[PDB]
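Asks: entry37.txt (compact mmCIF, N, CA and C atoms) pasted underneath:
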```txt
# COMPACT_ATOMS: atom_id res chain seq x y z
N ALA A 1 0.82 -1.20 0.00
CA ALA A 1 0.00 0.00 0.00
C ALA A 1 0.86 1.25 0.00
N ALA A 2 1.86 1.31 0.87
CA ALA A 2 2.90 2.32 0.71
C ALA A 2 3.54 2.20 -0.67
N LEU A 3 4.18 1.06 -0.95
CA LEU A 3 4.87 0.88 -2.23
C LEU A 3 3.99 1.27 -3.40
N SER A 4 2.69 1.02 -3.33
CA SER A 4 1.80 1.68 -4.27
C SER A 4 2.02 3.19 -4.22
N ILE A 5 1.59 3.83 -3.13
CA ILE A 5 1.70 5.27 -2.98
C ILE A 5 3.15 5.74 -3.05
N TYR A 6 4.05 5.06 -2.33
CA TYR A 6 5.48 5.34 -2.46
C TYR A 6 5.91 5.41 -3.92
N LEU A 7 5.50 4.43 -4.72
CA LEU A 7 5.83 4.45 -6.14
C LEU A 7 4.86 5.34 -6.91
N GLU A 8 3.59 5.35 -6.52
CA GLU A 8 2.59 6.17 -7.19
C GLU A 8 2.91 7.66 -7.04
N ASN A 9 3.60 8.03 -5.95
CA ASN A 9 4.15 9.38 -5.87
C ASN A 9 5.25 9.57 -6.90
N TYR A 10 6.19 8.63 -6.95
CA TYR A 10 7.24 8.66 -7.96
C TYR A 10 6.66 8.55 -9.36
N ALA A 11 5.45 8.01 -9.49
CA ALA A 11 4.75 8.04 -10.77
C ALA A 11 4.53 9.47 -11.24
N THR A 12 3.66 10.21 -10.54
CA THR A 12 3.22 11.51 -11.01
C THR A 12 4.40 12.45 -11.24
N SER A 13 5.53 12.17 -10.59
CA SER A 13 6.68 13.06 -10.68
C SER A 13 7.43 12.89 -12.00
N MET A 14 7.56 11.66 -12.50
CA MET A 14 8.47 11.42 -13.62
C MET A 14 8.00 12.12 -14.89
N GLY A 15 6.74 11.95 -15.25
CA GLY A 15 6.28 12.59 -16.44
C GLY A 15 6.07 11.61 -17.58
N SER A 16 5.40 12.13 -18.60
CA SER A 16 5.12 11.45 -19.86
C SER A 16 4.38 10.13 -19.61
N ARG A 17 4.70 9.11 -20.41
CA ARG A 17 4.09 7.81 -20.23
C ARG A 17 4.78 7.03 -19.13
N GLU A 18 6.04 7.37 -18.85
CA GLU A 18 6.73 6.66 -17.80
C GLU A 18 6.21 7.07 -16.43
N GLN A 19 5.66 8.28 -16.32
CA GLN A 19 4.76 8.58 -15.22
C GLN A 19 3.63 7.55 -15.15
N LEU A 20 3.00 7.28 -16.30
CA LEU A 20 1.95 6.26 -16.34
C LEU A 20 2.50 4.87 -16.06
N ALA A 21 3.71 4.58 -16.55
CA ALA A 21 4.32 3.27 -16.30
C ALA A 21 4.48 3.01 -14.82
N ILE A 22 4.95 4.01 -14.08
CA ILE A 22 5.20 3.84 -12.65
C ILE A 22 3.89 3.64 -11.90
N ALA A 23 2.84 4.34 -12.32
CA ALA A 23 1.55 4.23 -11.65
C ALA A 23 0.93 2.85 -11.85
N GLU A 24 1.04 2.30 -13.06
CA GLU A 24 0.50 0.96 -13.30
C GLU A 24 1.33 -0.12 -12.65
N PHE A 25 2.57 0.18 -12.25
CA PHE A 25 3.32 -0.77 -11.45
C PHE A 25 2.92 -0.66 -9.98
N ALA A 26 2.51 0.54 -9.55
CA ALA A 26 2.04 0.73 -8.18
C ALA A 26 0.68 0.08 -7.97
N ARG A 27 0.04 -0.35 -9.05
CA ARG A 27 -1.24 -1.05 -8.94
C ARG A 27 -1.04 -2.51 -8.57
N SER A 28 -0.32 -3.26 -9.40
CA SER A 28 -0.07 -4.68 -9.16
C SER A 28 0.43 -4.98 -7.76
N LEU A 29 1.08 -4.02 -7.10
CA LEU A 29 1.56 -4.18 -5.74
C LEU A 29 0.44 -4.53 -4.76
N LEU A 30 -0.80 -4.15 -5.06
CA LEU A 30 -1.85 -4.18 -4.05
C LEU A 30 -2.61 -5.51 -4.01
N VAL A 31 -2.25 -6.47 -4.86
CA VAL A 31 -3.00 -7.72 -4.91
C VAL A 31 -2.54 -8.67 -3.80
N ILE A 32 -1.29 -8.56 -3.37
CA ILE A 32 -0.79 -9.42 -2.29
C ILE A 32 -1.54 -9.20 -0.99
N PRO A 33 -1.83 -7.97 -0.56
CA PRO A 33 -2.76 -7.83 0.57
C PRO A 33 -4.18 -8.23 0.20
N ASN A 34 -4.53 -8.19 -1.08
CA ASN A 34 -5.89 -8.55 -1.48
C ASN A 34 -6.08 -10.06 -1.53
N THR A 35 -5.02 -10.81 -1.86
CA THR A 35 -5.11 -12.26 -1.73
C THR A 35 -5.02 -12.69 -0.27
N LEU A 36 -4.73 -11.75 0.63
CA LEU A 36 -5.02 -11.98 2.04
C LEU A 36 -6.51 -11.85 2.31
N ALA A 37 -7.18 -10.95 1.60
CA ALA A 37 -8.63 -10.86 1.70
C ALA A 37 -9.30 -12.11 1.13
N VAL A 38 -8.58 -12.85 0.29
CA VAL A 38 -9.05 -14.17 -0.13
C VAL A 38 -9.23 -15.08 1.08
N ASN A 39 -8.13 -15.42 1.75
CA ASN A 39 -8.16 -16.42 2.81
C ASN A 39 -8.80 -15.90 4.09
N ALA A 40 -8.44 -14.69 4.53
CA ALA A 40 -9.07 -14.12 5.71
C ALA A 40 -10.48 -13.63 5.42
N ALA A 41 -10.91 -13.69 4.16
CA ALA A 41 -12.24 -13.28 3.74
C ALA A 41 -12.47 -11.79 4.00
N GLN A 42 -11.40 -11.00 3.88
CA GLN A 42 -11.45 -9.57 4.14
C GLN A 42 -12.05 -8.85 2.94
N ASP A 43 -12.17 -7.53 3.05
CA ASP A 43 -12.70 -6.73 1.96
C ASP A 43 -11.58 -5.96 1.27
N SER A 44 -11.27 -6.37 0.04
CA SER A 44 -10.01 -6.03 -0.61
C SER A 44 -9.72 -4.53 -0.57
N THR A 45 -10.62 -3.70 -1.08
CA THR A 45 -10.39 -2.26 -1.00
C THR A 45 -10.42 -1.78 0.44
N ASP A 46 -11.50 -2.08 1.17
CA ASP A 46 -11.55 -1.75 2.58
C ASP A 46 -10.31 -2.28 3.29
N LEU A 47 -9.84 -3.45 2.88
CA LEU A 47 -8.46 -3.82 3.19
C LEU A 47 -7.48 -2.82 2.60
N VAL A 48 -7.32 -2.83 1.27
CA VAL A 48 -6.12 -2.25 0.68
C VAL A 48 -6.24 -0.74 0.55
N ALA A 49 -7.42 -0.23 0.18
CA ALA A 49 -7.56 1.22 0.06
C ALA A 49 -7.36 1.88 1.41
N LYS A 50 -7.86 1.25 2.47
CA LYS A 50 -7.64 1.79 3.80
C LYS A 50 -6.21 1.54 4.27
N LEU A 51 -5.57 0.47 3.78
CA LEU A 51 -4.12 0.37 3.96
C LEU A 51 -3.44 1.62 3.43
N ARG A 52 -3.72 1.96 2.17
CA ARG A 52 -3.22 3.21 1.59
C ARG A 52 -3.74 4.44 2.31
N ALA A 53 -4.84 4.32 3.06
CA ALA A 53 -5.34 5.47 3.78
C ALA A 53 -4.43 5.84 4.94
N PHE A 54 -3.38 5.05 5.17
CA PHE A 54 -2.53 5.18 6.35
C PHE A 54 -1.21 5.81 5.93
N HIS A 55 -0.99 7.07 6.32
CA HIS A 55 0.25 7.76 6.01
C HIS A 55 0.26 9.18 6.56
N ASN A 56 1.47 9.70 6.74
CA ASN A 56 1.74 11.12 6.87
C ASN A 56 2.49 11.50 5.60
N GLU A 57 3.74 11.08 5.55
CA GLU A 57 4.43 10.80 4.30
C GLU A 57 4.32 9.31 4.06
N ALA A 58 4.89 8.85 2.95
CA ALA A 58 4.85 7.45 2.57
C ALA A 58 5.96 6.71 3.29
N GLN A 59 5.59 5.67 4.05
CA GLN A 59 6.54 4.89 4.85
C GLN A 59 5.84 3.73 5.55
N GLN B 1 -18.91 22.09 -49.14
CA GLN B 1 -18.90 21.14 -48.03
C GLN B 1 -17.94 21.59 -46.93
N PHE B 2 -17.11 22.60 -47.22
CA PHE B 2 -16.20 23.13 -46.20
C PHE B 2 -16.83 24.32 -45.49
N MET B 3 -17.99 24.78 -45.97
CA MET B 3 -18.49 26.10 -45.59
C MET B 3 -19.18 26.08 -44.23
N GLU B 4 -19.79 24.95 -43.85
CA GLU B 4 -20.48 24.89 -42.57
C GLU B 4 -19.54 25.15 -41.41
N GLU B 5 -18.42 24.42 -41.36
CA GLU B 5 -17.51 24.50 -40.22
C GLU B 5 -16.80 25.85 -40.16
N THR B 6 -16.90 26.66 -41.23
CA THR B 6 -16.31 27.99 -41.22
C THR B 6 -17.07 28.94 -40.30
N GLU B 7 -18.39 29.01 -40.45
CA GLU B 7 -19.17 29.95 -39.65
C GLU B 7 -19.31 29.48 -38.21
N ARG B 8 -19.33 28.17 -37.98
CA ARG B 8 -19.48 27.66 -36.61
C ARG B 8 -18.33 28.13 -35.72
N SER B 9 -17.24 28.61 -36.32
CA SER B 9 -16.18 29.22 -35.53
C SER B 9 -16.58 30.62 -35.06
N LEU B 10 -17.32 31.35 -35.89
CA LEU B 10 -17.58 32.76 -35.60
C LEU B 10 -18.56 32.92 -34.45
N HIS B 11 -19.62 32.11 -34.42
CA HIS B 11 -20.63 32.27 -33.38
C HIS B 11 -20.15 31.72 -32.05
N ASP B 12 -19.41 30.60 -32.07
CA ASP B 12 -18.76 30.13 -30.85
C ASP B 12 -17.86 31.21 -30.28
N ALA B 13 -17.05 31.83 -31.14
CA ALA B 13 -16.33 33.04 -30.74
C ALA B 13 -17.28 34.02 -30.08
N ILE B 14 -18.27 34.51 -30.83
CA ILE B 14 -19.26 35.44 -30.29
C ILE B 14 -19.80 34.94 -28.95
N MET B 15 -20.23 33.67 -28.90
CA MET B 15 -20.69 33.10 -27.64
C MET B 15 -19.61 33.13 -26.58
N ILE B 16 -18.50 32.42 -26.81
CA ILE B 16 -17.50 32.26 -25.76
C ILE B 16 -16.89 33.61 -25.41
N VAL B 17 -16.90 34.56 -26.35
CA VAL B 17 -16.49 35.92 -26.02
C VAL B 17 -17.52 36.59 -25.13
N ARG B 18 -18.79 36.55 -25.54
CA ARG B 18 -19.86 36.98 -24.65
C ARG B 18 -19.87 36.13 -23.38
N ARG B 19 -19.36 34.91 -23.47
CA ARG B 19 -19.17 34.10 -22.27
C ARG B 19 -18.03 34.61 -21.41
N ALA B 20 -16.96 35.13 -22.03
CA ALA B 20 -15.99 35.90 -21.27
C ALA B 20 -16.62 37.17 -20.72
N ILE B 21 -17.70 37.63 -21.36
CA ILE B 21 -18.52 38.69 -20.79
C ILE B 21 -19.46 38.13 -19.74
N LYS B 22 -20.32 37.18 -20.15
CA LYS B 22 -21.30 36.59 -19.22
C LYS B 22 -20.66 36.23 -17.89
N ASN B 23 -19.44 35.71 -17.91
CA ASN B 23 -18.63 35.59 -16.70
C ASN B 23 -17.27 36.21 -16.98
N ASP B 24 -16.96 37.31 -16.29
CA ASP B 24 -15.65 37.92 -16.43
C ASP B 24 -14.55 36.99 -15.94
N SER B 25 -14.82 36.18 -14.92
CA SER B 25 -13.85 35.20 -14.46
C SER B 25 -13.75 34.06 -15.46
N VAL B 26 -12.54 33.77 -15.91
CA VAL B 26 -12.30 32.78 -16.96
C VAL B 26 -11.10 31.92 -16.59
N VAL B 27 -11.34 30.61 -16.42
CA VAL B 27 -10.28 29.64 -16.20
C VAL B 27 -9.62 29.30 -17.53
N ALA B 28 -8.43 28.73 -17.44
CA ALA B 28 -7.77 28.17 -18.61
C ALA B 28 -8.64 27.09 -19.24
N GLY B 29 -8.79 27.14 -20.56
CA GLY B 29 -9.60 26.17 -21.27
C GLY B 29 -8.81 24.94 -21.67
N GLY B 30 -9.29 24.30 -22.74
CA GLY B 30 -8.60 23.20 -23.38
C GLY B 30 -8.11 22.09 -22.48
N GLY B 31 -8.86 21.72 -21.45
CA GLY B 31 -8.43 20.67 -20.55
C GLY B 31 -7.21 20.99 -19.73
N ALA B 32 -7.05 22.24 -19.29
CA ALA B 32 -5.85 22.62 -18.55
C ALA B 32 -5.90 22.11 -17.12
N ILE B 33 -7.03 22.32 -16.44
CA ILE B 33 -7.10 22.03 -15.01
C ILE B 33 -7.23 20.53 -14.78
N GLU B 34 -7.81 19.82 -15.74
CA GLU B 34 -8.19 18.43 -15.52
C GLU B 34 -6.97 17.53 -15.35
N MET B 35 -5.82 17.94 -15.88
CA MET B 35 -4.58 17.23 -15.58
C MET B 35 -4.31 17.16 -14.09
N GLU B 36 -4.10 18.31 -13.45
CA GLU B 36 -3.89 18.33 -12.01
C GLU B 36 -5.12 17.83 -11.26
N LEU B 37 -6.32 18.11 -11.78
CA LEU B 37 -7.54 17.64 -11.11
C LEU B 37 -7.46 16.16 -10.76
N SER B 38 -6.89 15.34 -11.65
CA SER B 38 -6.54 13.98 -11.24
C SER B 38 -5.67 14.01 -9.99
N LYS B 39 -4.43 14.48 -10.12
CA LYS B 39 -3.53 14.57 -8.98
C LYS B 39 -4.18 15.28 -7.81
N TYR B 40 -4.85 16.41 -8.07
CA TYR B 40 -5.56 17.14 -7.03
C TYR B 40 -6.46 16.21 -6.21
N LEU B 41 -7.30 15.44 -6.89
CA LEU B 41 -8.14 14.48 -6.17
C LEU B 41 -7.41 13.18 -5.88
N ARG B 42 -6.55 12.72 -6.79
CA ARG B 42 -5.83 11.47 -6.57
C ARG B 42 -5.01 11.54 -5.29
N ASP B 43 -4.72 12.75 -4.82
CA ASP B 43 -4.25 12.93 -3.45
C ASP B 43 -5.14 12.20 -2.47
N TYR B 44 -6.46 12.25 -2.70
CA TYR B 44 -7.39 11.60 -1.78
C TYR B 44 -7.67 10.17 -2.20
N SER B 45 -7.27 9.80 -3.42
CA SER B 45 -7.10 8.38 -3.71
C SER B 45 -5.98 7.81 -2.86
N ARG B 46 -4.99 8.65 -2.53
CA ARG B 46 -4.01 8.28 -1.53
C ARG B 46 -4.60 8.35 -0.12
N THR B 47 -5.30 9.44 0.19
CA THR B 47 -5.49 9.86 1.57
C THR B 47 -6.60 9.08 2.28
N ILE B 48 -7.85 9.36 1.94
CA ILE B 48 -9.02 8.82 2.65
C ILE B 48 -9.26 7.32 2.47
N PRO B 49 -9.06 6.74 1.28
CA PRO B 49 -9.99 5.71 0.79
C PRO B 49 -10.26 4.55 1.73
N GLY B 50 -11.56 4.31 1.96
CA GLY B 50 -12.00 2.99 2.34
C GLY B 50 -12.02 2.04 1.16
N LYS B 51 -12.90 2.33 0.19
CA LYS B 51 -12.75 1.92 -1.20
C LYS B 51 -12.38 3.14 -2.04
N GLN B 52 -12.37 4.31 -1.41
CA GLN B 52 -12.65 5.56 -2.11
C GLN B 52 -11.57 5.91 -3.13
N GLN B 53 -10.46 5.17 -3.14
CA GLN B 53 -9.40 5.44 -4.09
C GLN B 53 -9.82 5.07 -5.50
N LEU B 54 -10.54 3.96 -5.64
CA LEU B 54 -11.19 3.66 -6.91
C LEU B 54 -12.22 4.72 -7.23
N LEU B 55 -12.95 5.17 -6.21
CA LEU B 55 -13.99 6.17 -6.40
C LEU B 55 -13.38 7.51 -6.78
N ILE B 56 -12.30 7.90 -6.11
CA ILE B 56 -11.64 9.15 -6.44
C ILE B 56 -10.72 8.98 -7.64
N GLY B 57 -9.99 7.86 -7.70
CA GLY B 57 -9.01 7.68 -8.76
C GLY B 57 -9.62 7.51 -10.13
N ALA B 58 -10.63 6.65 -10.26
CA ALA B 58 -11.31 6.52 -11.54
C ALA B 58 -11.89 7.85 -11.98
N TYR B 59 -12.47 8.61 -11.04
CA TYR B 59 -12.89 9.96 -11.36
C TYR B 59 -11.69 10.83 -11.71
N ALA B 60 -10.59 10.68 -10.97
CA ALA B 60 -9.34 11.33 -11.37
C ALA B 60 -8.92 10.89 -12.76
N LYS B 61 -9.09 9.60 -13.06
CA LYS B 61 -8.96 9.12 -14.43
C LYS B 61 -10.01 9.75 -15.34
N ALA B 62 -11.20 10.02 -14.80
CA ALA B 62 -12.29 10.53 -15.63
C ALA B 62 -12.07 11.99 -16.00
N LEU B 63 -11.31 12.72 -15.18
CA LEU B 63 -11.18 14.17 -15.37
C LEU B 63 -10.43 14.52 -16.65
N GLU B 64 -9.36 13.78 -16.95
CA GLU B 64 -8.43 14.20 -17.99
C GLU B 64 -8.90 13.84 -19.39
N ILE B 65 -10.05 13.17 -19.53
CA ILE B 65 -10.41 12.60 -20.83
C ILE B 65 -10.57 13.69 -21.87
N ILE B 66 -11.07 14.87 -21.47
CA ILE B 66 -11.36 15.92 -22.44
C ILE B 66 -10.11 16.35 -23.19
N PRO B 67 -8.99 16.68 -22.55
CA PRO B 67 -7.74 16.75 -23.31
C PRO B 67 -7.25 15.39 -23.77
N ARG B 68 -7.34 14.36 -22.92
CA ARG B 68 -6.89 13.02 -23.29
C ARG B 68 -7.50 12.57 -24.60
N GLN B 69 -8.81 12.74 -24.76
CA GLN B 69 -9.45 12.39 -26.02
C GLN B 69 -8.84 13.18 -27.18
N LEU B 70 -9.00 14.51 -27.17
CA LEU B 70 -8.49 15.33 -28.26
C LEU B 70 -6.99 15.14 -28.49
N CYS B 71 -6.21 15.01 -27.42
CA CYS B 71 -4.80 14.67 -27.58
C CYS B 71 -4.64 13.36 -28.33
N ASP B 72 -5.14 12.27 -27.75
CA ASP B 72 -4.79 10.95 -28.27
C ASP B 72 -5.54 10.65 -29.57
N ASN B 73 -6.72 11.23 -29.77
CA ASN B 73 -7.36 11.05 -31.08
C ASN B 73 -6.62 11.82 -32.16
```
So, in terms of structure tokens, how does the structure I just supplied come out?
Replies:
Amino acid sequence: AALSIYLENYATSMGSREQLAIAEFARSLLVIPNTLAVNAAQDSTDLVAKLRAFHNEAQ
Amino acid sequence: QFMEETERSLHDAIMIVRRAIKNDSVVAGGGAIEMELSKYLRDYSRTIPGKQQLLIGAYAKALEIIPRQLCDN
């Protein structure tokens, strides 16, 4: 969730399509906590989006 | 067959000029704000979301289409 935002921050900064490249890599990062929502039967976004909801800076 | 699109420039001018009159306050056109509007809101795709990052982010994705369309088309 950080590494999403951590990288998704580095996304918007780079520019052009490689800005887009970095953002679409910050997406795939979020499935590993979501496949925890598989077994624990959690709610993937409420899991992962609220994971990302946690920050001051990214860390 | 070229003549229709010629005049449609003049009245839009008249309109959007009177629109610069109708509202003296005028933002940058041509999809200027919608670029940052993504980032502007995508900040809250970072910040709040319960699910709301899809809700804010897809809308952040939704904002840029007006330049995105004309650009990429």
Asks: Counting only N, CA and C atoms, collect the residues of chain A whose closest atom lies at most 6 Å from chain B, and write them out as number ranges by chain.
Replies: A: 45-46, 49-50, 52-54
Asks: Could you jot down the atom C of residue 58 in chain A to CA of residue 26 in chain A separation for me, Å, one decimal place?
Replies: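 Atom-to-atom, atom C of residue 58 in chain A to CA of residue 26 in chain A, that is 13.5 Å.
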Asks: Would you mind writing down, as a VMD selection string, each residue of range 2-53 of chain A that DSSP on the backbone assigns to alpha helix (DSSP H)?
Replies: chain A and resid 2 to 14 16 to 28 31 to 39 44 to 52
Asks: May I have the residues within 8 Å of residue 30 in chain A as a compact mmCIF listing (two decimals) with N, CA and C atoms, keeping the file's coordinate frame, using all atoms listed in the file and disregarding those fewer than 3 positions away in the same chain?
Replies:
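Everything below was put into out01.txt:
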```
# COMPACT_ATOMS: atom_id res chain seq x y z
N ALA A 1 0.82 -1.20 0.00
CA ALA A 1 0.00 0.00 0.00
C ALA A 1 0.86 1.25 0.00
N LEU A 3 4.18 1.06 -0.95
CA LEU A 3 4.87 0.88 -2.23
C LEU A 3 3.99 1.27 -3.40
N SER A 4 2.69 1.02 -3.33
CA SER A 4 1.80 1.68 -4.27
C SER A 4 2.02 3.19 -4.22
N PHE A 25 2.57 0.18 -12.25
CA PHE A 25 3.32 -0.77 -11.45
C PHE A 25 2.92 -0.66 -9.98
N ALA A 26 2.51 0.54 -9.55
CA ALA A 26 2.04 0.73 -8.18
C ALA A 26 0.68 0.08 -7.97
N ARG A 27 0.04 -0.35 -9.05
CA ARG A 27 -1.24 -1.05 -8.94
C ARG A 27 -1.04 -2.51 -8.57
N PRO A 33 -1.83 -7.97 -0.56
CA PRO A 33 -2.76 -7.83 0.57
C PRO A 33 -4.18 -8.23 0.20
N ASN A 34 -4.53 -8.19 -1.08
CA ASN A 34 -5.89 -8.55 -1.48
C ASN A 34 -6.08 -10.06 -1.53
N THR A 35 -5.02 -10.81 -1.86
CA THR A 35 -5.11 -12.26 -1.73
C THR A 35 -5.02 -12.69 -0.27
N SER A 44 -11.27 -6.37 0.04
CA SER A 44 -10.01 -6.03 -0.61
C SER A 44 -9.72 -4.53 -0.57
N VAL A 48 -7.32 -2.83 1.27
CA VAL A 48 -6.12 -2.25 0.68
C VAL A 48 -6.24 -0.74 0.55
```
Asks: CA of residue 40 in chain B and CA of residue 23 in chain A are how many Å apart?
Replies: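 Distance between the two atoms: 15.4 Å.
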Asks: Using atom C of residue 20 in chain A and atom N of residue 35 in chain B as the two end points, give the distance in Å to one decimal.
Replies: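 Taking atom C of residue 20 in chain A and atom N of residue 35 in chain B, their separation equals 15.5 Å.
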Asks: Calculated over all atoms listed in the file, which of the candidates B:64, B:4, B:72, B:12 has the smallest distance to residue 34 in chain B?
Replies: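 That would be B:64, the residue with the smallest distance to residue 34 in chain B.
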